[PDB]
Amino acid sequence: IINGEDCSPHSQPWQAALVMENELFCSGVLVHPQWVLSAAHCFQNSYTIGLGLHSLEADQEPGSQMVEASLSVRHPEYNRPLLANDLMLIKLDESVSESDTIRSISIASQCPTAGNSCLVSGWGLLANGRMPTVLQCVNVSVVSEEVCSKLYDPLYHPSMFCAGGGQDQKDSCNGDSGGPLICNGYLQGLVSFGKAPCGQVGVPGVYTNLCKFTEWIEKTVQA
């Protein structure tokens, strides 16, 4: 997270850390007790998922859980076309027990509103080029479809939306993939991609447009 600040501890209790061999590679978002949503580009054959964290070290975080997961369901049309449909559902080996620090978040049924200021959180790169110790939070502004298309054509697709690009250089960056973008208190997007480098004025990042996938998500959960 570029130009954010420490999240209030446990204020984003749906945040999931995706780690393997003890190193973070993406985040995800708890959307039901047994289900973590993440970007499809974060797919691996198995996962160790950290829930209830603030720092990434579970042994330093009361109430946290490191849950195993082997099964994930990529959206079947992920990357067809390229970068589109960037979501997957990770099935935890067992349901979590939701608590004060581990909680699912409702997914937006309505699509992003241009100009909305939405919160993004993660343990990805900071403005100073380092990785944070604790979860970072920043707000970014949803950009119109018209501008998103101009920047990202011909790969722009309605499974995507743009946010950020402000003079403030607030953005998500490497390590933030798969984590949440929250508008109106609902999960609106997942961190997906951008033009390198992160934080360019006038070049918003791109997020998975979850309002397009609520049916697919629940179909997967119920099947």
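We call the rigid core whatever largest set of C-alpha positions still superposes within 1.5 Å between the two forms. Numbering starts at 1 and runs along the sequence shown.
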{"query": "Divergent stretch in 8 other deposited structures of this protein, 204 to 212 or 16 to 24 [C-alpha RMS, superposed by the core]", "finding": "16 to 24"}
{"query": "Farther-lying stretch by C-alpha RMS in 8 other deposited structures of this protein, rigid core as reference, of 33 to 41 and 60 to 68", "finding": "60 to 68"}
{"query": "Which of 52 to 60 and 26 to 34 has higher mean CA B factor, as the PDB entry lists it", "finding": "52 to 60"}
{"query": "Stretch with the greater mean C-alpha B-factor as recorded in the entry, comparing 209 to 217 against 14 to 22", "finding": "14 to 22"}
{"query": "Residue of maximum C-alpha B factor among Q188, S70, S159, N174, per deposited coordinates", "finding": "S70"}
{"query": "Which of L119, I105, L89, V147 ranks first by CA B-factor in the deposited coordinates", "finding": "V147"}
{"query": "CA B-factor placement of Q136, once the chain's modelled residues are sorted into thirds", "finding": "lowest"}
{"query": "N79, C-alpha B-factor rank within chain (lowest, middle or highest third)", "finding": "middle"}
{"query": "Where the record places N45 (Cα B-factor, split into thirds across the chain)", "finding": "highest"}
{"query": "For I2, the third of its chain into which the C-alpha B factor falls", "finding": "middle"}
{"query": "Third of chain Cα B-factors occupied by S192", "finding": "lowest"}
